[PDB]
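Colleague: Protein chains in written order, with the UniProt record's numbering: chain P, 31 to 222; chain C, 42 to 281; chain W, 9 to 134; chain A, 2 to 182; chain D, 72 to 141; chain U, 2 to 102, 109 to 122.
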Ligand SMILES: CCCCCCCCCCCC(=O)OC[C@H](COP(=O)(O)OCC[N+](C)(C)C)OC(=O)CCCCCCCCCCC
Ligand SMILES: CCCCCCCCCCCC(=O)OC[C@H](COP(=O)(O)OCC[N+](C)(C)C)OC(=O)CCCCCCCCCCC
Ligand code: SF4
Ligand code: SF4
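This is the structure:
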């Protein structure tokens, strides 16, 4: 038999002790008048508050001297995009257009056809680096690891035209950062 | 004062092959399904004049009412002791242009009393007004202000209905399906007028609609039957 | 008749909830509103309505528990719907509902049936 | 429990020698850490220079080569169908009972009755004309009691703790800590 | 701001007593204390009326919900 | 909670005649604040044209017949007034409202690409 008889539930029932006791009056304060006034007139907690702040003055600060030092990075970090190659030198991308279809922001533009020697290669490949949200979906979807995000973050440009990376630019990044891409790929290969 | 352990080097458990049971996730809601079904019917029996129909999905009970049945059913669910939904969490809508009344106004009520949530669905058209629940729930003042801004629904009885999200003097209600996702206009700074001006929309890269390449095969089946065996009409058994 | 009762005190010891002060006369006030509701129910709502049976189910039940439980803590744990100061507002709102429930005549035929295409979503009937 | 912990049991840089004794003599709470992580412990093998060779984890029933038919574990296609109960079906259930507790005749006589509630039946009329025991047995509960809103968590209860147990603010501060019970 | 002016002229008129505290002796000390008592009776008056309190007469109202059964 | 300045309740009118009284009343309210609109918005035109262009937009809807269309066009009628009074729109918006502006021959549209 449940408490539907009184339109009550287990959930509606408050725990024991839920009702507050009678609030104390001025005659039930444990502190004497002088103790309460010595703390009040001599700013007891403020002088403590100063003292705790002064403890920090004799501690080692946290600041690092960028650009002479860098904060930690991990192999999964997402930064600047780069198009990679095989060791033999052929471009890794087979113009499969997967990354273009995942890309949440539609930052990728791929135009492809059969190469001069028959290969399935891309002749136009742009990333609108001012439209990308640096999300890593293109990297996850590439079947041949052709498009990755290098750990670079220091590439701020004076003009916005310089942030429209075309296929020449991205392949030049893949050559520049190939060694660092291998650092991250070797470390985080099994986790993908 | 022993030196701190190097947590890298401490031993770790060894496991062979892992086993995890496979069972339907919808099964664990079975008890919740019957109780919402009972309590859903209870509201209908109490108010047959208003409750058109009720539906249960897993652990969510929906009550479908007409626009003229809104204030009545909302009041009943707020004041009745068996169902004290004092807190209204969400007021929204949805656009289904195929239906005669496209907009589908949905209310979510919370009962901190009995730890329950109920949903009210009431339809509306583009020109037909809907009663405002602001006199009951003060928390719907801005949720109704937002629904009008994004759906253009007329809310009758609202003390101050106005744009809350879109710009002042914004033409058109964005979440209506006929409104394009990129809108109609865009702004730029005009040197001659020394002020930011509106101009008609013109995209340097037109939006690409990859949604055309959707699935040509149906992807999910007809579903499964999880109605409690106490809410199905019995089959009249054959005679001897 | 002119019986004036207090629903929400505006001063006194707190109850643990902000704005809900302790009620000076908890038990007598509940009994007055339970007796009124049972009386006022039959004045306006006919018998075939389930709602009338539902209120008389527990308004009777909450009226019998109050009488036999002089200790407030025994009232709360047996009704099981919060503090006694809350039960006053439950009882009060239970009373206001009947004045509106009778007016709506909410035991009658469905005033406005949905169109044949209303509760259909993406080509399936719900 | 969350009792205070000696400073040398926390992974932060701490003083040694004469300065440790100075640090304990002048600090308000001597077991407070400076917060600068231990250089020799924190992230010492970086995430890119670990030694663990990761292996893809696979529970047996759903990763096996055998006894692993996909239609057994294809839960996405076993979703609960959407059923809406109109007034008519409530009336039919109310008058005729349920599939578990039948109140319908057998054979063609029963097939007559089910077809009665195969078209519009307003529920206002059904409650007006039916046994009052039906409402007390089907619609309402426990002999006419109402149906309280069901709880999303039947195990949601609370209880009051005290500072000797919850460790937080003492009784004077205007908040109370609730346990599970 | 208005009460700043009377209390400022009280403070600035304590200046002559500072550079003459020795040579006025007990007599000028008793007069100085009397000069301060009369002004303190003003401090009592403006302390009891709570003149400097901003107060909140416009808002922060609460009421008792009282049913009016018939 | 209390409503903001110059606010009105949203009621769906059911009589045609009732609406026109509200419609006509609202028109002077636009006209009354016209000088303040110029002063507050620093408009470059005298208040005469401000009164001029207000009237035209009322007539644009004069010939609606069905009632449910009448209310919504009145509900949005009040909202535009309320925003204008309370200085909610910026100077850029109001200028561009009144700063707005014969079709080309077939050869001319053909010559420049048409539409
Ligand atoms: C001496 C000159 C320098 C300090 C001047 C100011 C004194 C302040 C304390 C008196 C007021 C009071 O109320 O003192 C009493 C209070 C509170 O005691 P409680 O909370 O009841 O103690 C609890 C129960 N016990 C008594 C068993 C412990 O103690 C304090 O908070 C002490 C604060 C010490 C740190 C701040 C001093 C350093 C500041 C910078 C110095 C360069
Ligand atoms: C007889 C011995 C004479 C000693 C004279 C010293 C008195 C000093 C003030 C004490 C009174 C007090 O701190 O008062 C607190 C007042 C007003 O508090 P209130 O509105 O009355 O509420 C609290 C009292 N109740 C509940 C009883 C009504 O505001 C403050 O927080 C002022 C804090 C100022 C801190 C400034 C930083 C300090 C810098 C110097 C150290 C580095
Ligand atoms: S990281 Fe994400 S947003 Fe950026 S190009 Fe790749 S898929 Fe597009
Ligand atoms: S996913 Fe990889 S292979 Fe496919 S188009 Fe993109 S970069 Fe080329």
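Note that beta-carbon positions come from the ideal geometry of N, C-alpha and C, so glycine has one too.
At 7 angstroms on the CB atoms, spell out the chain P contacts of residue 122 of chain C, in chain order.
Modeller: Going along chain P in sequence order, the residues near residue 122 of chain C (Cβ under 7 angstroms) are 37.
Colleague: Going by C-alpha distance, which of C:127, C:144, C:226 is nearest residue 134 of chain C?
Modeller: For the residues C:127, C:144, C:226, the minimum Cα distance to residue 134 of chain C belongs to C:144.
Colleague: For residue 105 of chain P, which residues in chain A fall below 8 angstroms Cβ to Cβ?
Modeller: Those are 48, 49, listed as they occur along chain A.
Colleague: Okay, do the segment 49-61 of chain C and the segment 57-64 of chain A touch, 3+ Cβ pairs below 8 angstroms being the bar?
Modeller: Judged by Cβ distances under 8 angstroms, the segment 49-61 of chain C makes contact with the segment 57-64 of chain A, as three or more pairs qualify.
Colleague: Got a sec, what are the start and stop residues for the beta strand (DSSP E) residue 92 of chain P sits in?
Modeller: Premise fails: residue 92 of chain P is in no beta strand (DSSP E) and is neither H nor E.
Colleague: Which class does residue 129 of chain C belong to by DSSP, given the choice of helix, strand or coil?
Modeller: If DSSP states are grouped into helix, strand and coil, residue 129 of chain C belongs with the strands.
Colleague: Beta-carbon of residue 91 of chain W versus every beta-carbon of chain A: anything under 8 angstroms?
Modeller: No, because no Cβ of chain A sits closer than 8 angstroms to the Cβ of residue 91 of chain W.
Colleague: When you compare only the Cα positions, how much space is there between residue 128 of chain C and residue 155 of chain A?
Modeller: For residue 128 of chain C and residue 155 of chain A, the distance between alpha carbons rounds to 20 angstroms.
Colleague: Whole angstroms are fine: how far does the CA of residue 71 of chain P sit from the CA of residue 141 of chain D?
Modeller: Their backbone Cα atoms lie some 58 angstroms apart in a straight line.
Colleague: Please write down, chain order preserved, every residue whose beta carbon lies under 6 angstroms from a heavy atom of ligand 1.
Modeller: Result: P:68, P:69, P:72, P:74, P:77, P:78, P:80, P:81.
Colleague: Any idea if residue 134 of chain A is buried or exposed, counting beta-carbon neighbours within 10 angstroms, 16 or more meaning buried?
Modeller: Looking at its Cβ environment, which holds fewer than 16 other Cβ atoms inside 10 Å, residue 134 of chain A is exposed.
Colleague: Can residue 165 of chain C be considered in contact with ligand 3, in the sense that its beta carbon sits closer than 7 angstroms to one or more heavy atoms?
Modeller: Residue 165 of chain C: no, Cβ never under 7 angstroms from ligand 3.
Colleague: Can you tell which of D:75, D:106, D:130 has the C-alpha that lies nearest to the C-alpha of residue 85 of chain D?
Modeller: Comparing Cα positions, the closest option is D:106.
Colleague: Please state if the CB of residue 275 of chain C and the CB of residue 103 of chain A are separated by a distance shorter than 8 angstroms.
Modeller: Against a cut-off of 8 angstroms, the Cβ pair of residue 275 of chain C and residue 103 of chain A comes out as a contact.
Colleague: For residue 121 of chain P, is the classification buried or exposed, using 16 other Cβ atoms within 10 angstroms of its Cβ as the cut-off for buried?
Modeller: Burial call: buried.
Colleague: Quick one, are the C-beta atoms of residue 89 of chain P and residue 35 of chain A less than 8 angstroms apart?
Modeller: Yes, the pair counts as a contact, with Cβ atoms nearer than the cut-off.
Colleague: Residue 92 of chain W: which of P:38, P:80, P:74, P:206 sits nearest, CA to CA?
Modeller: Checked all of P:38, P:80, P:74, P:206; the closest Cα to residue 92 of chain W is P:38.
Colleague: Taking only beta carbons into account, state which residues of the segment 125-142 of chain A come closer than 8 angstroms to chain C, listed in chain order.
Modeller: Flagged, chain order: 125, 128, 136, 140, 141, 142.
Colleague: In whole angstroms, what is the alpha-carbon distance linking residue 79 of chain P and residue 10 of chain A?
Modeller: Roughly 26 angstroms between the two C-alpha positions.
Colleague: At the level of alpha carbons, what is the spacing between residue 49 of chain A and residue 216 of chain P?
Modeller: Each residue's alpha carbon lies about 8 angstroms from the other.
Colleague: Taking 7 angstroms as the line, does the beta carbon of residue 137 of chain P fall inside it for any heavy atom of ligand 3?
Modeller: Yes, the Cβ of residue 137 of chain P comes within 7 angstroms of a heavy atom of ligand 3.
Colleague: Quick one: which chain C residues come within Cβ less than 7 angstroms of residue 96 of chain U?
Modeller: Per Cβ cutoff of 7 angstroms: 236.
Colleague: At the 8 angstroms Cβ level, is residue 122 of chain A part of the contact set with chain C, yes or no?
Modeller: Closer than 8 angstroms: no.
Colleague: Roughly how many whole angstroms lie between the Cα atoms of residue 200 of chain P and residue 123 of chain P?
Modeller: If you take the alpha carbons of residue 200 of chain P and residue 123 of chain P, they lie about 12 angstroms apart.
Colleague: Tell me, to the nearest whole angstrom, how far the beta carbon of residue 15 of chain W is from that of residue 97 of chain W; I am working on the premise that it is less than 8 angstroms.
Modeller: Contact flag correct, Cβ pair sits at about 6 angstroms.
Colleague: Just by C-beta distance, which residues in the segment 69-101 of chain A are closer than 7 angstroms to chain W?
Modeller: Within the segment 69-101 of chain A, the qualifying residues are 83, 85, 88.
Colleague: Relative to the alpha-carbon of residue 82 of chain W, which residue among W:107, W:102, W:108, W:35 has its alpha-carbon at the smallest distance?
Modeller: It is W:35.
Colleague: Could you check the C-alpha separation between residue 122 of chain W and residue 134 of chain W for me, to the nearest Å?
Modeller: Computed Cα separation, rounded: 12 angstroms.
Colleague: Using the C-alpha atoms, what's the distance from residue 124 of chain D back to residue 37 of chain U?
Modeller: The alpha-carbon atoms of residue 37 of chain U and residue 124 of chain D are separated by roughly 39 angstroms.
Colleague: Show which residues of chain U have a CB atom less than 8 angstroms away from the CB atom of residue 196 of chain C.
Modeller: 11, listed in chain order.
Colleague: For residue 101 of chain U and residue 122 of chain U, I'd like the C-alpha separation in whole angstroms.
Modeller: The alpha-carbon atoms of residue 101 of chain U and residue 122 of chain U are separated by roughly 21 angstroms.
Colleague: Report the option in P:73, P:145, P:169 whose CA atom is closest to the CA atom of residue 113 of chain P.
Modeller: Nearest of P:73, P:145, P:169 to residue 113 of chain P, Cα basis: P:169.
Colleague: When the Cα atoms are used, what is the spatial distance from residue 213 of chain P to residue 181 of chain P?
Modeller: Taking the straight line from one Cα to the other gives about 10 angstroms.
Colleague: Below 8 angstroms between beta carbons is the criterion; list the residues of the segment 99-123 of chain W that meet it against any residue of chain A, in chain order.
Modeller: Answer set for the segment 99-123 of chain W: 115, 116, 117, 118.
Colleague: Using only the alpha-carbon positions, how far apart do residue 102 of chain C and residue 158 of chain C sit?
Modeller: Those two C-alpha atoms are separated by around 8 angstroms.
Colleague: Does the segment 37-53 of chain P come close enough to the segment 11-29 of chain W to have 3 or more Cβ pairs within less than 8 angstroms?
Modeller: Flag = yes, the segment 37-53 of chain P and the segment 11-29 of chain W touch.
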